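S.K.: Before I ask anything, here is the structure I am working with.
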Amino acid sequence: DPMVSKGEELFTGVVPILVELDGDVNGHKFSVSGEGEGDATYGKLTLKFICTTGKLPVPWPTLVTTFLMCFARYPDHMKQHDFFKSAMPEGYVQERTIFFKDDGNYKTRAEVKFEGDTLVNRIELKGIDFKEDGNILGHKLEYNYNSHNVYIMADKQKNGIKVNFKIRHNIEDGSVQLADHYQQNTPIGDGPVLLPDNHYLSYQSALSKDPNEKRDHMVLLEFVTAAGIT
């Protein structure tokens, strides 16, 4: 399929990634830069994020979803359903509202696309209605991450996809903080895209710390595999 081909030829080896985030939560301003690389053949991504403005005023785990579904490993039988790659290199826009149970919400807008050989994810995040002393602004979330399936469906009338899922963040007291994600993606370009049958992406994520890094930061290792269409 010369369309499955165009995507193949962009994602076949290791692709460098850049992430840039501009955030304001309850008027707490911040910026984060990330660098790393993805190897979609293995569903694999390795990234290191740095808050370049000083202290991050929310917990790192709350940003993981916001900080590259084009790097999903789609099984051969499923390549006809990979919207993310089909949109490249012109890219797509990924928008979310993330509702933190009994706390505030994030609204995010990203553009994911190639800049030359580099895959770039440029994001704006606004958070509102947070409790200054809650789990988020009060930093009560553990530095870890659970595995999760993400259900993708077509959004045909918008020529894109809708994704809906819940993240449970572990709190220090042993309870969990739910973060209900609502997501919409639309291609940036005017050309055709693969619009998928209902399927899901399986995520595992590992958070760690660079021992030689003094700035506030997060090292993220993710594996992402499509499934759900036998």
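Order determines the names: the first chain of the structure tokens is A, the second B, and so forth; residues in each chain are numbered 1 upward, and ligands are numbered 1 upward as they are shown.
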Need to verify the contact set: range 175-180 of chain A, 8 Å, only C-alpha atoms, exclusion of same-chain residues closer than 4 positions in sequence. Can you return it as an NGL selection string?
M.R.: :A and (98-101 or 135 or 141 or 164-171)
S.K.: Using the selection just defined, write its residues with N, CA, C and O atoms as a PDB file, in the first residue's frame.
M.R.:
```pdb
ATOM      1  N   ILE A  98      -8.101  17.226  30.634  1.00  0.00           N
ATOM      2  CA  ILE A  98      -7.802  16.198  31.632  1.00  0.00           C
ATOM      3  C   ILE A  98      -8.425  16.710  32.932  1.00  0.00           C
ATOM      4  O   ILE A  98      -7.991  17.775  33.477  1.00  0.00           O
ATOM      5  N   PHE A  99      -9.398  15.947  33.420  1.00  0.00           N
ATOM      6  CA  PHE A  99     -10.127  16.327  34.648  1.00  0.00           C
ATOM      7  C   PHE A  99      -9.597  15.552  35.849  1.00  0.00           C
ATOM      8  O   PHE A  99      -9.801  14.325  35.956  1.00  0.00           O
ATOM      9  N   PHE A 100      -9.000  16.289  36.779  1.00  0.00           N
ATOM     10  CA  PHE A 100      -8.463  15.637  38.008  1.00  0.00           C
ATOM     11  C   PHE A 100      -9.625  15.550  39.010  1.00  0.00           C
ATOM     12  O   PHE A 100     -10.164  16.591  39.386  1.00  0.00           O
ATOM     13  N   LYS A 101     -10.043  14.325  39.342  1.00  0.00           N
ATOM     14  CA  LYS A 101     -11.171  14.168  40.260  1.00  0.00           C
ATOM     15  C   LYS A 101     -10.986  15.041  41.526  1.00  0.00           C
ATOM     16  O   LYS A 101      -9.958  14.966  42.183  1.00  0.00           O
ATOM     17  N   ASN A 135      -3.708  17.484  45.835  1.00  0.00           N
ATOM     18  CA  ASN A 135      -2.734  16.497  45.420  1.00  0.00           C
ATOM     19  C   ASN A 135      -1.766  16.996  44.354  1.00  0.00           C
ATOM     20  O   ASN A 135      -0.605  16.559  44.352  1.00  0.00           O
ATOM     21  N   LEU A 141       1.632  13.410  44.910  1.00  0.00           N
ATOM     22  CA  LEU A 141       1.603  12.252  44.042  1.00  0.00           C
ATOM     23  C   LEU A 141       2.967  11.558  44.028  1.00  0.00           C
ATOM     24  O   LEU A 141       4.021  12.200  43.943  1.00  0.00           O
ATOM     25  N   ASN A 164     -10.254   8.298  24.642  1.00  0.00           N
ATOM     26  CA  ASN A 164     -10.830   8.550  25.955  1.00  0.00           C
ATOM     27  C   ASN A 164     -10.203   7.494  26.906  1.00  0.00           C
ATOM     28  O   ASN A 164     -10.014   6.323  26.507  1.00  0.00           O
ATOM     29  N   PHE A 165      -9.776   7.937  28.097  1.00  0.00           N
ATOM     30  CA  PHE A 165      -9.123   7.027  29.064  1.00  0.00           C
ATOM     31  C   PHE A 165      -8.947   7.667  30.428  1.00  0.00           C
ATOM     32  O   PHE A 165      -8.999   8.904  30.555  1.00  0.00           O
ATOM     33  N   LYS A 166      -8.721   6.807  31.432  1.00  0.00           N
ATOM     34  CA  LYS A 166      -8.533   7.247  32.816  1.00  0.00           C
ATOM     35  C   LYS A 166      -7.158   6.828  33.217  1.00  0.00           C
ATOM     36  O   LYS A 166      -6.742   5.691  32.904  1.00  0.00           O
ATOM     37  N   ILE A 167      -6.466   7.746  33.888  1.00  0.00           N
ATOM     38  CA  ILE A 167      -5.163   7.473  34.542  1.00  0.00           C
ATOM     39  C   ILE A 167      -5.432   7.521  36.054  1.00  0.00           C
ATOM     40  O   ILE A 167      -6.085   8.485  36.488  1.00  0.00           O
ATOM     41  N   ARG A 168      -4.943   6.529  36.824  1.00  0.00           N
ATOM     42  CA  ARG A 168      -4.969   6.646  38.316  1.00  0.00           C
ATOM     43  C   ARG A 168      -3.549   6.917  38.749  1.00  0.00           C
ATOM     44  O   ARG A 168      -2.629   6.120  38.416  1.00  0.00           O
ATOM     45  N   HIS A 169      -3.336   8.088  39.349  1.00  0.00           N
ATOM     46  CA  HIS A 169      -2.024   8.453  39.915  1.00  0.00           C
ATOM     47  C   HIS A 169      -1.983   8.018  41.373  1.00  0.00           C
ATOM     48  O   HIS A 169      -2.848   8.449  42.158  1.00  0.00           O
ATOM     49  N   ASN A 170      -0.989   7.221  41.727  1.00  0.00           N
ATOM     50  CA  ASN A 170      -0.825   6.889  43.209  1.00  0.00           C
ATOM     51  C   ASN A 170      -0.553   8.136  44.085  1.00  0.00           C
ATOM     52  O   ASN A 170       0.363   8.923  43.816  1.00  0.00           O
ATOM     53  N   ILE A 171      -1.365   8.337  45.145  1.00  0.00           N
ATOM     54  CA  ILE A 171      -1.084   9.381  46.142  1.00  0.00           C
ATOM     55  C   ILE A 171      -0.194   8.798  47.290  1.00  0.00           C
ATOM     56  O   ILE A 171      -0.269   7.586  47.577  1.00  0.00           O
TER      57      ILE A 171
END
```
S.K.: Report as an MDAnalysis selection string: the residues of range 96-184 of chain A with a DSSP assignment of strand (DSSP E or B), based on the backbone of this structure.
M.R.: chainID A and resid 96:100 105:115 118:128 141 148:155 160:171 176:184
S.K.: Any idea what's packed within 9 Å of residue 57 in chain A, counting only C-alpha atoms, ignoring anything in its chain fewer than 6 positions away? Could you give it as number ranges by chain?
M.R.: A: 25, 28-30, 136-139
S.K.: Compare A:39, A:20, A:8, A:222 by their minimum atom-to-atom distance to residue 64 in chain A, counting only C-alpha atoms, and give me the closest one.
M.R.: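 Answer, going by the shortest atom-to-atom distance: A:222.
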S.K.: Under the rule that only C-alpha atoms are counted, which of A:152, A:128, A:110, A:56 is the nearest residue to residue 201 in chain A?
M.R.: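 When distances to residue 201 in chain A are compared using only C-alpha atoms, the smallest one comes from A:152.
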S.K.: When you look at range 214-219 of chain A with a cut-off of 9 Å (counting only C-alpha atoms), what residues show up, excluding the ones that are within fewer than 2 positions of it in the same chain? I need them as an mmCIF file with C-alpha atoms, in the first residue's frame.
M.R.:
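For reference, around-v3.cif as written:
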```cif
data_model
loop_
_atom_site.group_PDB
_atom_site.id
_atom_site.type_symbol
_atom_site.label_atom_id
_atom_site.label_comp_id
_atom_site.auth_asym_id
_atom_site.auth_seq_id
_atom_site.Cartn_x
_atom_site.Cartn_y
_atom_site.Cartn_z
ATOM 1 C CA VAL A 32 9.718 22.278 30.033
ATOM 2 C CA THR A 46 13.218 7.315 25.744
ATOM 3 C CA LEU A 47 12.925 10.960 26.833
ATOM 4 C CA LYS A 48 14.432 13.335 29.343
ATOM 5 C CA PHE A 49 12.436 16.420 30.312
ATOM 6 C CA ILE A 50 13.847 19.484 32.069
ATOM 7 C CA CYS A 51 11.930 22.358 33.732
ATOM 8 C CA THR A 52 13.944 25.281 32.387
ATOM 9 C CA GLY A 54 13.232 26.206 37.978
ATOM 10 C CA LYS A 55 10.817 24.186 40.160
ATOM 11 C CA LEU A 56 8.002 22.426 38.387
ATOM 12 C CA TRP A 60 5.924 15.247 36.979
ATOM 13 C CA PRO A 61 3.621 12.184 36.670
ATOM 14 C CA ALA A 206 8.758 4.015 33.772
ATOM 15 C CA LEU A 207 9.802 7.290 35.477
ATOM 16 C CA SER A 208 13.351 7.723 36.740
ATOM 17 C CA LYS A 209 15.948 10.456 37.597
ATOM 18 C CA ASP A 210 19.274 11.295 35.870
ATOM 19 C CA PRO A 211 21.821 10.932 38.719
ATOM 20 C CA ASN A 212 23.987 13.771 37.261
ATOM 21 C CA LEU A 221 10.751 5.282 29.280
#
```
S.K.: Excluding residue 161 in chain A and its own-chain neighbours fewer than 4 positions away, which residues fall within 7 Å of it when counting only C-alpha atoms? Please give them as number ranges by chain.
M.R.: A: 152-155, 184-186
S.K.: What is the distance between CA of residue 106 in chain A and CA of residue 127 in chain A, in Å to one decimal?
M.R.: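 Rounded to one decimal, the two atoms are 4.3 Å apart.
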S.K.: Counting only C-alpha atoms, what is within 7 Å of residue 15 in chain A, bar same-chain residues fewer than 6 positions away, as a ChimeraX atom specification?
M.R.: /A:37-39,118-119
S.K.: Store the residues picked out above, limited to N, CA and C atoms, as a compact mmCIF listing (two decimals), in the first residue's frame.
M.R.:
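Saved as again_35.txt:
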```
# COMPACT_ATOMS: atom_id res chain seq x y z
N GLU A 37 14.40 10.02 21.89
CA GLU A 37 14.27 9.38 20.57
C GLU A 37 13.22 8.31 20.64
N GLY A 38 12.65 7.97 19.47
CA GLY A 38 11.63 6.90 19.42
C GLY A 38 12.05 5.87 18.37
N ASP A 39 11.63 4.65 18.63
CA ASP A 39 11.88 3.52 17.72
C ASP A 39 10.55 2.74 17.67
N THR A 118 13.75 15.57 12.67
CA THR A 118 13.35 15.55 14.09
C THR A 118 11.84 15.59 14.24
N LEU A 119 11.34 14.69 15.08
CA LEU A 119 9.93 14.68 15.41
C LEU A 119 9.71 15.59 16.63
```
S.K.: Pick out the closest residue to residue 183 in chain A from this set: A:19, A:195, A:14, A:93. Count only C-alpha atoms.
M.R.: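 Nearest candidate to residue 183 in chain A out of A:19, A:195, A:14, A:93: A:93.
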S.K.: Here is a test: counting only C-alpha atoms, which residue of A:12, A:105, A:80, A:159 is nearest to residue 44 in chain A?
M.R.: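 Among the listed residues, A:12 lies closest to residue 44 in chain A.
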S.K.: Record the distance separating CA of residue 6 in chain A and CA of residue 87 in chain A, expressed in Å with one decimal.
M.R.: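 CA of residue 6 in chain A sits 9.8 Å away from CA of residue 87 in chain A.
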S.K.: Can you pull out the residues contacting residue 125 in chain A? Cut-off 10 Å, using only C-alpha atoms, and skip same-chain residues under 6 positions away; I want them as a PyMOL selection string.
M.R.: chain A and resi 21-25+29-31+63+66+95-97+106-110
S.K.: Please report, as a PyMOL selection string, each residue of range 67-206 of chain A to which DSSP assigns helix (DSSP H, G or I) when run on this structure's backbone.
M.R.: chain A and resi 69-71+76-81+83-86+156-158
